[PDB]
RNA sequence: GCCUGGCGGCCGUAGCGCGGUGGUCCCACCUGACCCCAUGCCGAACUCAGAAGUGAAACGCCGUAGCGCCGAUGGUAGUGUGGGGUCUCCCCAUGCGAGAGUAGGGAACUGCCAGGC
RNA sequence: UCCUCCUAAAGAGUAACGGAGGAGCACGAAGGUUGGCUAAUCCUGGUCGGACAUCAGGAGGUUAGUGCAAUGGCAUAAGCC
């Protein structure tokens, strides 16, 4: 593990040179990465969610758990906390464990891209990267590609503005450009 | 908010402890210290005091908030209660679950005679 | 129609007013929900799952200003 | 537009006129119309006033209406006995008292506001009075 | 500066106020300035024709109250829904 | 109702029994529950229909 | 008497919103969770092991009195009780009298206990 | 027949084929409890793609929920686990 150690020394610890604070403890931090994988056309049975979560847990270090629904989804018979997908939310060391597998070894299904925008916005500085699939990691034999399954990513941080979060964006090796 | 979450874990217990009354024992946690006080049935007096801010014991600690220091305070509350003739006490878990430093104090005090 | 029915009684009863009781029991009201307007606080007790307060005491009722969660409550009289 | 909406009840008590009002002076504008009399003021009576006052200020300023109807008039069917529930709606109406201000203007000269509010001294169940902000 | 004469009243309420307004005066008060409130009667039209010129709310007034001078400021005035010659009036000490 | 009743017998060997309306139309797996037996004053399974 | 803490009384006229100040001793954040315990996964939480940093967030105290809240006095609304009216609210005599606004108040207090002074 | 508000007079019952709406069955669970937990709605942003539609962040708050219409307690949750 090297990328979280880079976050402990090389990221925002000199930010007082560019951003105004009353304490050096105000510099921005990463809180969580929620994640999402959609059940798609299996929504009306969804007993496969345990078997889909188990293969997200093949690139994540977390133990699988199943997403409960909110406000229902369409007319598919979704009621209260009905199990409907997977998040398997990342905190602490597990966030950068994943960002040392993502587009380092998990590569053979990526799309044509070269750099995501740094001047992007939400109002707090919480960045996102479009990937659509779990993009596959290579094994000694596979025999693993049939549908690959989905992936969505948006970070959550202590930042109060989009240019404060632009200094925290330094926390990753993913292609972002100024 | 943890100050607010603590009173959500405590109000229901206080709302049955008020139906017992009598001479009562309360505990105060914090992460760097621990304290306890015995309060009178009139609501106007304090009968026994002990803590890890007490100069006699603070010098004996490797850490002023430690579980062993909570048991050491518990054994002192029961000692002082015995010399002051205090019995049949009502215990308050003071917003904390009965396995942490709150129990380490109150159980050690009860095995030192202070029922509860 | 034309409005229909409009049911009988809708019974609701009120006892917790002035120096009520003084013999063996003091009372609140029958209003389907009650926890602070005519309720007990401190060492006083008299209410269960039915939300009608009936406290078992020879103390008369007493009224006083405020109590826990800024609710009004009712108290007992010493003699 | 000049009618109660997002309500849960459709019919109201016929009512008596006892309200004293606090709509007793021009609120945002400079010139207006005061009731200076008592009774019922209908949607029809204010339509007749709107049609009239518009002829003095044909292309001149915005006009504001300070009165609003809160009560519908209900009347029973003709070929039916007493009882069987409250009657069917006809028109919307407001109760009025002498102190109440009904209309406001601002984007015109004071002698053109008078030209419109003197024209309103007609077609109404009260003998209205023209009023203005003044200095005090 | 708008010298008006103020006599002190030891009557109060609806019956007295109606009996006052039926004459040449209407009810008024003076308060503030670390001194008690004072209930007075004032001229029912002189004050209306003065305050209508608005500088009454821009200047310190030369009132004569219980025979004597104190200087006062116009604070607030109470109007009647349809009777133009005032309902009640407030002053504060200067 | 159309959900029917089930009558279960005491595992204390008593003639006194227990009866309930437990619906099978969504949840068909059998009812086999503990209750207080009023003839021996014990907490026993009530089992097997009729 | 004050600084902080716990509690009993008191429970928001201790709420809303914007600052100052300080952590000495308090306190919270914060630090560790290879070894007790714990997580529908997650050291977030619970619990254990703590003093490297912050004084920001929060906290205590105080400041800003615009709002919520208290509140004179006068007046009005309403009406106990008598009497009257071209009239369904309106007048007289006598008792009562809001609510909202104005002056003034208001940004919790205080005893017991250990500790900072 | 049962059941609910307004009208209905600051003690209390209360008329009208007055203003207006429901029940006639379910639940071993939503029951017992120790502990733990805390919305709606509006907004910003979405994907291989949408007749419907993801999880976050921003605003907000006894506005969600309680087996069922209706109202009110409600986090000590009586809401769910």
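Protein chains in written order, with PDB author numbering: chain BF, 1 to 178; chain BO, 2 to 117; chain BW, 6 to 84; chain BM, 1 to 136; chain BV, 1 to 94; chain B1, 3 to 52. We treat Cβ as the ideally placed atom computed from N, Cα and C, and that holds for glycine.
> When the distance is taken between beta carbons, is residue 101 (chain BM) closer than 8 Å to residue 26 (chain BM)?
Replying inline: yes
>> Strictly below 7 Å CB to CB, what residues from chain BM border residue 51 (chain BV)?
In response: 136
>> Quick check on the DSSP output: the alpha helix (DSSP H) that includes residue 75 (chain BO) runs from which residue to which?
In response: 68–84
> Between the Cα of residue 16 (chain BO) and the Cα atoms of 63 (chain BW), 32 (chain BW), 33 (chain BW), 40 (chain BW), which residue gives the shortest distance?
Replying inline: 40 (chain BW)
> Count the other CB atoms within 10 Å of the CB of residue 110 (chain BF); is the residue buried (16 or more) or exposed (fewer)?
Replying inline: exposed
> Hey, does residue 62 (chain BW) have any beta-carbon neighbour from chain BO nearer than 8 Å?
Replying inline: no
> Does DSSP classify residue 88 (chain BM) as helix, strand or coil?
Replying inline: strand
>> Against chain BV, which members of the segment 4–36 of chain BM pass a CB distance test of less than 9 Å?
In response: 20, 21, 22, 24, 25, 34, 35, 36
> Since residue 7 (chain BV) sits in a beta bridge, which residues does DSSP pair it with?
Replying inline: 41 (chain BV)
> Which residues, in order along the segment 91–105 of chain BM, keep a beta-carbon less than 9 Å from a beta-carbon of chain BV?
Replying inline: 97, 98, 99, 100
>> Strictly below 7 Å CB to CB, what residues from chain BM border residue 31 (chain BV)?
In response: Within chain BM, no residue comes near residue 31 (chain BV); the closest Cβ sits about 22 Å away, beyond 7 Å.
> Of all the CB atoms in chain BO, is at least one closer than 8 Å to the CB of residue 70 (chain BW)?
Replying inline: no
> Do you know whose CA, among 134 (chain BM), 111 (chain BM), 103 (chain BM), 115 (chain BM), lies nearest residue 46 (chain BM)'s CA?
Replying inline: 103 (chain BM)
> With DSSP run on the structure shown, which of helix, strand or coil describes residue 150 (chain BF)?
Replying inline: strand
> My guess is that residue 8 (chain BV) and residue 40 (chain BV) are in contact by the Cβ rule of under 8 Å, so how many angstroms apart are they, rounded?
Replying inline: 6 Å
> Which residue's Cα is closest to the Cα of residue 174 (chain BF): 117 (chain BF), 160 (chain BF), 163 (chain BF), 164 (chain BF)?
Replying inline: 117 (chain BF)
>> Short of 6 Å in beta carbon distance, which residues of its chain neighbour residue 74 (chain BM), apart from the five on each side in sequence? Order them along the chain.
In response: 11, 86, 87, 89
> Looking at residue 71 (chain BO) and residue 106 (chain BO), is the spacing between their C-beta atoms short of 8 Å?
Replying inline: yes
>> Just to make sure I have the definition right: I need the residues of chain BW whose C-beta is within less than 8 Å of the C-beta of residue 20 (chain BO). Which are they?
In response: 48, 50
> Roughly how far, in whole angstroms, is the beta-carbon of residue 51 (chain BO) from the beta-carbon of residue 81 (chain BO), given that I think they are within contact range, below 8 Å?
Replying inline: 7 Å
>> Tell me the rounded alpha-carbon separation between residue 59 (chain BM) and residue 77 (chain BF).
In response: 60 Å
> Which residue from 43 (chain BF), 11 (chain BF), 168 (chain BF), 2 (chain BF) puts its Cα closest to that of residue 119 (chain BF)?
Replying inline: 168 (chain BF)
>> Along the chain, where does the alpha helix (DSSP H) containing residue 5 (chain BO) start, and where does it finish?
In response: 3–18
> Just to confirm, are residue 35 (chain BV) and residue 93 (chain BV) a CB contact at a threshold of 8 Å?
Replying inline: yes
> residue 12 (chain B1) lies in the beta strand (DSSP E); which residues open and close that run?
Replying inline: 8–12
> Do you know whose CA, among 15 (chain BF), 112 (chain BF), 36 (chain BF), lies nearest residue 159 (chain BF)'s CA?
Replying inline: 15 (chain BF)
> Using the C-alpha atoms, what's the distance from residue 31 (chain BM) back to residue 43 (chain BM)?
Replying inline: 22 Å
> residue 20 (chain BV) by DSSP, collapsed to three states: which one?
Replying inline: helix
> Cβ atoms of residue 53 (chain BO) and residue 39 (chain BO): under 8 Å apart, would you say?
Replying inline: no
> For residue 34 (chain BO), does the count of other Cβ atoms within 10 angstroms reach 16, so buried, or fall short, so exposed?
Replying inline: buried
>> Below 8 Å on the Cβ atoms is my contact criterion, and I expect residue 48 (chain BO) with residue 91 (chain BO) to pass it. Report the Cβ-Cβ distance as a whole number of Å.
In response: Their Cβ separation, rounded to whole angstroms, is 12 Å, which puts residue 48 (chain BO) and residue 91 (chain BO) out of contact at 8 Å.
>> Within 10 Å of its beta-carbon, does residue 7 (chain BF) have 16 or more other beta-carbons around it, so buried, or fewer, so exposed?
In response: buried
>> Taking only three categories from DSSP, how would you classify residue 49 (chain BW)?
In response: coil
> According to DSSP, what are the bridge partners of residue 11 (chain BW)?
Replying inline: None, per the DSSP bridge assignment.
>> Give me, in chain order, the residues of the same chain whose beta-carbon lies closer than 6 Å to that of residue 27 (chain BF); leave out the 5 immediate sequence neighbours on both sides.
In response: 12, 15
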